[PDB]
Amino acid sequence: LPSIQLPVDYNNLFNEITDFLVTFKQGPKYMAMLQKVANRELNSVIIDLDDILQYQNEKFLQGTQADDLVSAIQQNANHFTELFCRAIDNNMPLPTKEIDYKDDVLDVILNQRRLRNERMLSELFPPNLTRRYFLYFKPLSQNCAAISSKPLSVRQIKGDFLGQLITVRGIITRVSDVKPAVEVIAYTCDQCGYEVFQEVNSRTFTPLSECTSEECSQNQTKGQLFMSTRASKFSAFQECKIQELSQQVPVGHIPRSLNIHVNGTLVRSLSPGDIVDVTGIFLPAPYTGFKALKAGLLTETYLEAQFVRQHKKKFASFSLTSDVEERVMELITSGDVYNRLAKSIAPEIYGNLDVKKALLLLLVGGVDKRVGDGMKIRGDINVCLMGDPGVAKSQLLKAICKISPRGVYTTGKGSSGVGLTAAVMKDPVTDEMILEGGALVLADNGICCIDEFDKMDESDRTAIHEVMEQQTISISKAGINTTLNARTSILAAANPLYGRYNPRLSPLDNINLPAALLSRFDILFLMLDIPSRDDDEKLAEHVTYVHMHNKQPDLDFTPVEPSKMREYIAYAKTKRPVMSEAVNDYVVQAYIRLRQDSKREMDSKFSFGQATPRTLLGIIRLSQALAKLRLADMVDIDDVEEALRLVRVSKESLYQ
Amino acid sequence: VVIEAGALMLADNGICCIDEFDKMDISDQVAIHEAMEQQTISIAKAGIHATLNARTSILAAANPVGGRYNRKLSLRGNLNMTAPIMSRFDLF
Amino acid sequence: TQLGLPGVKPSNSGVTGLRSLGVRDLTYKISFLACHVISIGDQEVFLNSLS
Amino acid sequence: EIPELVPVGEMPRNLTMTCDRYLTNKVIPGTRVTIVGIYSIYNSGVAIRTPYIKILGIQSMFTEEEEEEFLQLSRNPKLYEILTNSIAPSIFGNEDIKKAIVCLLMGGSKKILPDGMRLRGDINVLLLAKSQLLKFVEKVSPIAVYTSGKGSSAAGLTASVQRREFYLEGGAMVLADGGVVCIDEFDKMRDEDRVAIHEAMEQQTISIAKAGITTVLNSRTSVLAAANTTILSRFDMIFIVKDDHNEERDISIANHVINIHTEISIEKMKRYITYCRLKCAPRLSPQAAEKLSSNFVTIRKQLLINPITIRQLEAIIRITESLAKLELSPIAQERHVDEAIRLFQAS
Amino acid sequence: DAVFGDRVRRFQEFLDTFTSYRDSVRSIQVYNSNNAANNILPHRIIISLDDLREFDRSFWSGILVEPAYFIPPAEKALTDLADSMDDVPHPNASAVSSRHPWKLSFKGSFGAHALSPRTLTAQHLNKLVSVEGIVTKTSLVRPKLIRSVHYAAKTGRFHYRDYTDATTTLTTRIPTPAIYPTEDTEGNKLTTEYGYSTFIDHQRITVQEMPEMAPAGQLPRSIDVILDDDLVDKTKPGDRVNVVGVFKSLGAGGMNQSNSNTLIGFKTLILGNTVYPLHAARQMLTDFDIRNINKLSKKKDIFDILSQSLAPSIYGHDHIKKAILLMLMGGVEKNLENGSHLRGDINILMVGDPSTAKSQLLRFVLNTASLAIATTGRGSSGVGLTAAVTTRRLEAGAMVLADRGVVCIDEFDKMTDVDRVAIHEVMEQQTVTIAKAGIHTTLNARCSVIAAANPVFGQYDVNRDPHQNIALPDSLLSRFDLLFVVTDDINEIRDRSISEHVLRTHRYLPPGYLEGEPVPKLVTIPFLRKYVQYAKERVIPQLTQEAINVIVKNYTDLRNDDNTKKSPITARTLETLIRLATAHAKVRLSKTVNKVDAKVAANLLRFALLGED
Amino acid sequence: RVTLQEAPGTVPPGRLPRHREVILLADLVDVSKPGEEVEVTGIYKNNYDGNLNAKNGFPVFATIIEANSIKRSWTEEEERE
DNA sequence: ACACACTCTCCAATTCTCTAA
DNA sequence: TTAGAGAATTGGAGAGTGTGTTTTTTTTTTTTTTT
Ligand SMILES: Nc1ncnc2c1ncn2[C@@H]1O[C@H](COP(=O)(O)OP(=O)(O)NP(=O)(O)O)[C@@H](O)[C@H]1O
Ligand SMILES: Nc1ncnc2c1ncn2[C@@H]1O[C@H](COP(=O)(O)OP(=O)(O)NP(=O)(O)O)[C@@H](O)[C@H]1O
Ligand SMILES: [Mg+2]
Ligand SMILES: [Mg+2]
Ligand SMILES: [Zn+2]
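Protein chains in written order, with UniProt numbering: chain A, 5 to 30, 60 to 155, 190 to 212, 219 to 729; chain B, 612 to 613, 623 to 712; chain C, 408 to 418, 434 to 463, 500 to 509; chain D, 260 to 303, 320 to 335, 348 to 415, 421 to 455, 460 to 524, 544 to 577, 593 to 636, 647 to 687; chain E, 18 to 55, 90 to 331, 338 to 448, 455 to 582, 648 to 741; chain F, 387 to 458, 475 to 483.
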């Protein structure tokens, strides 16, 4: 009933919008996009606010006043999706290329309806019915920066923000599958042969049942309406849920969450388990009908997704733009990438170079193989660390946990074999049974870190057997009978029996693992803590420097940062180098020597069990990883001898 | 309760066959023992009470412990069956 | 339930448009309406029974 | 309905009723009452309604002259003998047992220091015929709990966690907080209680961190126990019951049994104990301090040339204070120290 | 209607007379205006009710007995005062029509209206009351609509309307249907302007009488409270709290036609006006405390004074007291740029004979640390001590609850092997991670551990190896910074000294009591707690070359020289030396670690490790 | 109201027992206790029930028994004996 | 307050009848 | 034989009124404390 004044007039902002769309350039930027839309080549338009800020600054420097459109569309973001759409419809250019227009049902229907009106004469339909595109905003760059650039945790999203454009940081919990949603519905009248339309915005609607057309009425033609799919307009819909990071939850509280909606080409971007920076519009969800009359003033709310930023680029997302080419060429021209990359892993930990090189080869990994008859062979590499208490095992493990884009960290005592692999939970109230994967499924196509491997129960460790070699899970329980995919590499750490390594017994007594599980690791590294007045002094000096300065001590060596390391590793995981006959003869001859030496010394104190056929493919996998890191397309004997050395060095700790 | 009849009710005035008796849980062996003692079944739960007749003769099969009989030992030693249930078979 | 049963409120798609249904929807179930049953599972009475 | 009016073999019937204004908050559960009210029905079959009643009426520290008697008792020169004689008079002999029970009932004095440390007041005794004394202690004590070693539930003596969500319940050490507790067979203690009674006795607390539960429970009580090892160290005094077999005693008991089949009284003594507990909390004199320290070092030197420890000196102090408590003397003296070390001969 | 204006005038006179409330308004306004140009303080003020009594009794009793008729006009007058004072020009669209007035709160001298949930009675309805109890439940936060703004497409006019509900206002009005208008009076189609509309936060809680006051094992009683705007989420379950607000009723009570025959009563609530906690830990320093703390720090031997002031009632064990003080100060936690983490907190273990004050000394830390949790070794399981699953929801254990604090474990030897191994992560990585059916999460646990144990043979046997006497794995003993062995050696003068000491202790009498009634220099513990708080917050000593020169030499000599040392020596020993030096420098309130601190830390570690100085 | 069930001795072999419900009015209330074996005389009566018709899908009426009567010391000679 | 089921009322569309050219 | 003026019977347009709606097992997988 009452009314107020406000400082904003939308006519001026509309004029600013139509000038911005036709003038700005980094021809003008957005007219190219609209030409692509007119040609039916492009489905969505992404508006940058950095462009609007730049446009405002340039117009100001030319000596003219201008409204601050950036804050205007951040404050009340919902209204401006309509203004931009109307501006785009007004200014849309004509097509550059032939289209085959007859493929469109709506074109035929509207042309015939226009012809009917033309003959009769001897808005028509809602404009939403013919918008072939979607539109989204992208927030301000923080380095140019405003609230939309500064992430909020899910607790900080108060009721003040309803209607604004914001950014949220958290973990996704669940994702729904896609289903259609109506925007404009179409009908047909049987008797008078005329079509009518209806637009839907709310969650529910009442369909039409009477032809209220004036011509149909004046003929007293009380015809019947029927719905039609063939001329209705749908749009893809998907719903998700986001939840705050566990390490940001205050003490004694339960984590909170938000509901996210996604429409258009943005669909099926999110996935469960992702750490992500979502940005969108935060809105309420009103009730409808009789429910509204007695629901009260408490409003449900959700977030309209607009743009998504992931923290870590998955390896599958790689493509060699020249920007990445320029940076990998730095490492390629500098040379000796193997040693530099190995040294760069956890610079704050002294020594341990061979272990780091092995873990780099874990990060790269071998080549998948699939024989013509259907047999397939594992590509992943498995590694284990066995050593005395207090030699930076857990520290180095958790350091590698950072580099990998997909990865999880787990400890032996806190883990169930079910939850480590997959569980059949009677979760809903409806007594339904549903499968939900465990840690090794979440680490699919990634690394799984299992600390305190010796404390895990003997029965539960047997669950890992299938996943290690076959890279799959099989379950046959109540109401569920399926197989899941787990293409994960395992890294594990443990102390020997009795804690500190006992020289009185053989290595196999100290290791205390069964044969079937000991074989499944490609490398098992044995590291012992033996005092030495010379070495302890150097280690103490290094650690004291690190505690003093927060920086590793350095005179010659500069580590590569993790981002460039990730780029180089991602580029290296695409090569698939092949073997050759000369290399094949060499490795074939080595394998015989290994098994003969194993047979000679099964009785000996220097025994480590018997070499199985799985030790040959370990050599091949390590050789192919080394071939990958030098960006070759051909395995070389140089790689093979290095692979053999890296396997030999693991046992030298036994000899003081 | 669903009340619907069990196996012993269907075998009233008949032969009830139990195969691999030794694998049955003790918590159910006691139920068969209680029914066999009286030839009667009782229900009392959720406000519903009932008594039913179970005039059924039992024929059972079992495995010796360890899979092979021991001639050195009594049948009680060989068989994983409690003494009250063993006392109520006419023939072994 | 979907028909005008006195004293009870209404409760894969059915059929509609009938007078009694209004805007409601009606489905059906299959069952068998039998007419007789036959099973196939004192000594004097027994002897009289035999041929 | 009244328990002595129900027909045999039936569960008792009951009614629901209402009251307002001054008739509210006038009664508590378990009390026998008489009621006047209108009997009527209310809505909540066919043409059927529930009955109820509207109520219109319901029916259901010391003086000076008391403490004068207690003061007269306090100045009697043979009060200790009188109180010992009054405890389980039917039981023959066992003088030191009765003296120890007097000391257990009276207790020491609680203290709190500037740095926050807290000093215990309670007394603990073990007895190795014996069934009667625990019942007597239950009757005479102001507050008392009686139990056998297995306890009233799965909580046992101390406490346990049970399960469906988990919960926690306390045994007959938490429930007796602030009073006395007597255990009928200490050897039948369960496995968890064997370890938990260490904290229950030394700290006067029970603490649990299991299945997401994280709480601490109060166990401020004096324990009497009997049985028939290292667990004897927790008690302040231990003794073994002794018997005598006079035929006249048994004949007298039998004659009394036939009579039912065909010195200070309990209530007065209980009230006197309550008064003494409320009014006085004495302190050691310096002479007692010198005496006790000299005796302590003497015993340790004698054992060395041939163990006593501070945890037993602090028990002797509590026994001394409890002995001084009877006279209502504000200071303890060498008279009490001598009787304390004399009674300390558990062995 | 006219009476509303006069009450506004009278409260305006009150606000002009007592000027200390004008300063509050202006200070909040200028603070908010400053940072806006770059957190924001609420538009709320607390008034002393005694000032209102002394100014005008009629207004005081009107507020205190008829709040629905007196609180709104006073709040209106406060909003007028704050609005007339100068404010930033050119407000934005949302600021122009916020519908956000200032709000009041009260303190002091409620008299008869100070109550508890048991005694709150129907006579007190519509009065302003204060209650005390424990929070038991809290609802989720929800937004609530109070105003909406609309833009008319054709005319270019902005319209608006307001909404009300029974819990939003002290006075009573016709309820509103929560419908958004779609069309203008003149037929123009409307659009809703989110971001110009106003929503507020809402939360319900429940408060119960304290268990200490429950009679006869009877059922306890409780009340529901309503909170909104600034008061949301300032409490959690288990908090002891004192709440101020108006006690009111709601609803039709079944007189709108119902089957109950109106035997059921009306609903009731307290509308939260102000909330205060109860101490049942933290202290705030005054200027005099800063002066005294800085002046005391320049004594030659502050470490001896402070260490000997810890548990003066316990004779002897100087080194353990000094170690406990250094534990309470702690080191400095490091986070390197690549995300790597280096531990800072110190763990201590002590094992010894019976009766040698292990539990008594362990009890002292529980009553001087700001956050402390205590447990017995056999009364706790691994999942209970770290974390557990429930319903999926994950529930924290004891080590997770004490995050930045200390945890005390008595009877450590009785803990089973299956329970102990859960602790190996928490004492170095300072995190708890679970991987069970339907859950995978990581939790933080940054605490320091102090614990006590008994030797294997019941008393320490010098004639057997320390490993034989101490049945724990080497990987666990490595995680304790300092391991102390203590015994009850019989000696004449030692026994005499200890016995005389405890006898002197037992002759204490508190100040306010006559004899027989039932209940160097040492700084007081209430001052020592302030000293520890100030030193832990305000000074962060950085390391120096001169300290490093000592640390490296001591480490390399201690590791390599062959001796009968009683603990394994590893890379964690160097960290122990660095932590102890940093903590001792922190006791000194030095901005940097010096040679003296490293020397003292080495001398303490040598005593604990090699058993002799 | 009282629920009445067939005595186990009367039930034929291999069949479950049947049930009926009895209404007791003014003088007859609390004449019998649970578990007793009882004999009843009364009128057999029926009425419409919507839920039965809805669930079964046939015009099926429910039936009740209205009881009219319900059925389940020494002399000097015994004392002298 | 928002779709439905059911009731009530008035008005004009329609057919039937009579009269005269 | 057409047609036009007057009367009687019927249909359904449409206006009105009242109404209803939100809201003890038994079997099977998994974690936890208890003997
Ligand atoms: N070469 C090294 N460089 C730097 N720090 C080291 C080195 N070796 C050991 N440390 C330190 O040793 C400490 C313990 O490391 P950690 O990874 O927990 O050892 P661990 O072998 O896993 N101990 P445990 O789990 O008992 O076997 C950390 O503070 C490391 O900084
Ligand atoms: N200076 C002291 N030295 C030893 N004990 C003392 C000292 N001062 C007091 N005590 C008393 O000694 C008793 C034993 O203390 P406590 O802390 O329980 O020893 P403990 O090491 O825990 N024995 P335990 O529980 O078997 O491991 C308490 O009653 C203390 O009051
Ligand atoms: Mg480790
Ligand atoms: Mg102790
Ligand atoms: Zn039509």
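Quick reminder that beta carbons are idealized off the backbone N, C-alpha and C, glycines included.
- Checking the 8 Å criterion, the Cβ of residue 643 of chain B is out of range of every heavy atom belonging to ligand 3.
- Each residue's CA atom was taken as its position, placing residue 527 of chain A and residue 619 of chain A some 31 Å apart.
- As DSSP reads the structure, residue 326 of chain D sits in a beta bridge with D:300.
- In the DSSP assignment, residue 538 of chain A falls within the unbroken alpha helix (DSSP H) covering 537-543.
- Closer than 9 Å to the CB of residue 635 of chain B there is not a single CB belonging to chain F.
- For the pair residue 705 of chain B and residue 625 of chain B, the Cα-to-Cα distance works out to about 23 Å.
- Non-local C-beta neighbours of residue 415 of chain D in its own chain, meaning closer than 8 Å and more than five positions away in sequence, comprise 522, 523, 524, 553, 554, 555, 556, ordered along the chain.
- Contact annotation: in the stretch 420-442 of chain F, residues whose CB is within less than 9 Å of a CB in chain B are 420, 421.
- A residue is called buried when at least 16 other Cβ atoms come within 10 angstroms of its Cβ; residue 474 of chain E meets this threshold and is buried.
- Taking 8 Å as the cut-off, one finds no heavy atom of ligand 1 near enough to the beta carbon of residue 485 of chain E.
- Residue 203 of chain A has its Cβ no nearer than 8 Å to any heavy atom of ligand 5.
- Rounded to whole angstroms, the separation of the alpha carbons of residue 409 of chain A and residue 668 of chain A is 34 Å.
- At the C-beta level, residue 334 of chain D and residue 283 of chain D stay beyond 9 Å of one another.
- Annotation for residue 350 of chain E: 659, 662 place their beta carbon closer than 6 Å to its own, counting only its chain and skipping 5 residues before and after.
- Against chain B, the CB of residue 399 of chain F has a partner CB under 9 Å away; the residue lies at that interface.
- Against residue 403 of chain F, the close residues of chain B are 670, 671, 672, in the order they occur along the chain (beta-carbon pairs closer than 9 Å).
- As computed with DSSP, residue 297 of chain E is found in a beta bridge with E:179, E:322.
- For residue 447 of chain E, the C-beta contacts it makes with chain D under 9 Å involve 461, 462, 507, 508, in order along the chain.
- Under the three-pair Cβ rule at 8 Å, the stretch 514-533 of chain A counts as touching the stretch 563-577 of chain A.
- Collapsing the DSSP output to three states places residue 374 of chain E in coil.
- Apart from sequence neighbours up to five positions away, the residues of its chain that approach residue 417 of chain E with a beta-carbon distance below 7 Å are 371, ordered along the chain.
- About 5 Å separates the beta carbon of residue 379 of chain A from that of residue 353 of chain A, a gap short enough to meet the 8 Å contact definition.
- Put simply, the CB of residue 276 of chain D is far from chain E, with every gap to its CB atoms at 9 Å or more.
- Under the 8 Å Cβ criterion, the stretch 672-681 of chain A does not count as touching the stretch 613-627 of chain A, having fewer than three qualifying pairs.
- Contact with chain A is absent for residue 237 of chain E, since none of that chain's Cβ atoms lies less than 9 Å from the residue's Cβ.
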